[PDB]
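This report refers to the structure that appears directly beneath it.
Chain A is the first sequence line, chain B the second, and so forth, proteins listed ahead of strands; every chain is numbered from 1.
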Amino acid sequence: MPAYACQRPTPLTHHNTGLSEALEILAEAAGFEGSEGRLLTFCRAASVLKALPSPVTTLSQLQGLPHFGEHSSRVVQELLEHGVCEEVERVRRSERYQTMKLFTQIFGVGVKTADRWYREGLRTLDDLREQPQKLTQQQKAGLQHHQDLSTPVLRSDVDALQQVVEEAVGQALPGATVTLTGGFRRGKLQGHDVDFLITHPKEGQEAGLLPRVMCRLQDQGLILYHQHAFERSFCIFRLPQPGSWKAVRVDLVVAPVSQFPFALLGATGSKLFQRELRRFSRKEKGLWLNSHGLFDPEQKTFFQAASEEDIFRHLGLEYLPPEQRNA
DNA sequence: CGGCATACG
DNA sequence: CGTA
DNA sequence: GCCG
Ligand SMILES: O=c1ccn([C@@H]2O[C@H](COP(=O)(O)NP(=O)(O)OP(=O)(O)O)[C@@H](O)[C@H]2O)c(=O)[nH]1
Ligand SMILES: [Mg+2]
Ligand SMILES: [Mg+2]
Ligand code: NA
């Protein structure tokens, strides 16, 4: 088992679901406390289990696995022996964990905002609604639409949205393309949002595109919220339903075609996969990776990629299709 | 011990 | 600060 | 919290 998640296939469904979910609770709780390092270790340990070919049934099967030390091993030991880990259950029922989860789930609220509200004594969504002067416009939208945004987006919803995005994109710039990214590209059947990447085959034609797309979607009555030159937009869309509609989060990204493989890789995820890939690039290969390119700081040159396959090859990694990037 | 991804709105 |  |  290699130490980095980008060195091994991780499928969407696997053989250690309950163990990985427990470790991910501890990761989330670490994040709520500001401990990024412990969040990373628990996430990485969880992801190792996702990559295993069969269920862990005995503690000895963790020997030698990366990211399993005394703490993560004890959690697994307790789950194997008793079906429950007391530390995990204590986190689950704690007021701090439940409220931070509730608040950080709001669009426009991160850990630092949630923590401040917690310390001020706020505990419920209605607590926040009763003091709406202290909310950003983004938080107001996240709170108004919170119930709909709490409903999973279905793969059935994605086809309808991609068609309306393509229509607006086609009027804004004929020949521009729309690619589904994020979790759905990795094979997820549901999601918290829909993520799209937009480009044009002629380098430079994509400049100025996203304002033109957003204005057109807004004219069609499809935009319930957006932030407004820009190249990423975090929107709330009106999606039809039988007899009505529901609010759905949609992310749009524009990239020049020269950067498209890097933007596609960076937007396809998973989040942990991308962090691990960027860490691998810099620490093992001495190259700096982001969603625009791959830089050699010794030659001061950028690597021209025509595909995601190119990027894995330039990093000396076996290619992983999106469905195996579910770290 | 230092390090823990990286960029845009 | 928020977002991906 | 764990790795190197
Ligand atoms: O912190 C982050 C968040 C997101 N991303 C990148 O942006 C992509 C979309 O980010 P996302 O927040 O839409 N997550 P996704 O995997 O689509 O699952 P879901 O919760 O169902 O929407 C992710 O898959 C990563 O590639 C990061 O690189 N870092
Ligand atoms: Mg998504
Ligand atoms: Mg998204
Ligand atoms: Na949030």
Query raised in the report: Base, sugar-phosphate, or nothing: which does A:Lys271 touch, judged by heavy atoms less than 4.0 Å apart?
Result: base
Query raised in the report: Within this structure, what is the OH-to-P distance between A:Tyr4 and B:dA5, rounded to whole angstrom?
Result: 10 Å
**Report entry** Short side-chain N/O contact to C:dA4 OP1/OP2 from A:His192, under 4.0 Å
**Finding:** yes
Requested in this report: With the side chain of A:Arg38 defined as its heavy atoms from C-beta on, choose the nearest nucleotide among B:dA5, D:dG1, B:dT6.
Outcome: D:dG1
Query raised in the report: Can you tell me if the side-chain N/O atoms of A:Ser233 get under 4.0 Å from OP1 or OP2 in B:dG9?
Result: no
Report task. In plain terms, say whether A:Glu24 and A:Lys50 are close enough for a salt bridge, that is, a side-chain N and a carboxylate O under 4.0 Å apart. Result -> yes
Requested in this report: Give the nucleotide from the list D:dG1, B:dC4, B:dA7 with an atom nearest to the side chain of A:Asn290.
Outcome: B:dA7
**Report entry** Presence of A:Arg232 side-chain N/O under 4.0 Å of B:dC8 phosphate oxygens OP1/OP2
**Finding:** no
Query raised in the report: Quick one: does NZ or CZ of A:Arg313 land under 6.0 Å from the six-membered ring centre of A:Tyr319, within 45 degrees of the ring axis?
Result: no
Query raised in the report: Which part of the nucleic acid, if any, lies within contact of A:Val253, taking any heavy atom under 4.0 Å across all strands shown: a base, the sugar-phosphate backbone alone, or nothing?
Result: nothing
Query raised in the report: Which part of the nucleic acid, if any, lies within contact of A:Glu276, taking any heavy atom under 4.0 Å across all strands shown: a base, the sugar-phosphate backbone alone, or nothing?
Result: nothing
Requested in this report: Select base, sugar-phosphate, or nothing to describe what A:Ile106 touches, counting heavy atoms under 4.0 Å on all strands.
Outcome: sugar-phosphate
Query - Nearest listed nucleotide, side chain of A:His228, among B:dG9, D:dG1, C:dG2 - result: B:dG9
**Report entry** Nearest-angstrom distance, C1' atom, B:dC8 to D:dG1
**Finding:** 30 Å
**Report entry** Atom pair CG/NE2 of A:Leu287 and A:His314 - distance to nearest 0.5 Å
**Finding:** 5.5 Å
Query raised in the report: Does A:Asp195 pair with A:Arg185 as a salt bridge, N-O distance under 4.0 Å?
Result: no
Query raised in the report: Given the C1' atoms of C:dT3 and B:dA5, what is the spacing between them in whole Å?
Result: 15 Å
Query raised in the report: Is A:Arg249 close enough and on-axis enough to A:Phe237, meaning under 6.0 Å and within 45°, for cation-pi?
Result: no
Query - Any A:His67 side-chain N or O less than 4.0 Å from OP1/OP2 of D:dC2 - result: no
Report task. Please work out if A:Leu289 contacts a base, only the sugar-phosphate, or nothing of the nucleic acid, heavy-atom cut-off 4.0 Å. Result -> sugar-phosphate
Query - C:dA4 OP1/OP2 closer than 4.0 Å to side-chain N/O of A:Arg249 - result: yes
**Report entry** Most 5' of A:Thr41 and A:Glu231 on DNA chain B, judged by nearest nucleotide
**Finding:** A:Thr41
Query raised in the report: Picking from C:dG2, D:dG1, B:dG9, which would you name as closest to the side chain of A:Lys112?
Result: C:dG2
Query raised in the report: Between B:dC4, D:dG1, C:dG2, which one does the side chain of A:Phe42 approach most closely?
Result: D:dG1
Query raised in the report: Hey, does the side chain of A:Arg278 come within less than 4.0 Å of B:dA5's phosphate (OP1/OP2), counting only N and O?
Result: no
Query raised in the report: Which atom names give the shortest non-hydrogen contact between A:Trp245 and A:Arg238, and what distance separates them?
Result: NE1-NH2, 3.1 Å
Requested in this report: Return no unless some side-chain N or O of A:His292 is found under 4.0 Å from OP1 or OP2 of B:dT6.
Outcome: no
Query raised in the report: Is A:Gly110 touching bases, backbone alone, or none of the nucleic acid, heavy atoms closer than 4.0 Å?
Result: sugar-phosphate
Report task. For D:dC2, take OP1 and OP2 only and decide whether either is under 4.0 Å from a side-chain N or O of A:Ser72. Result -> yes
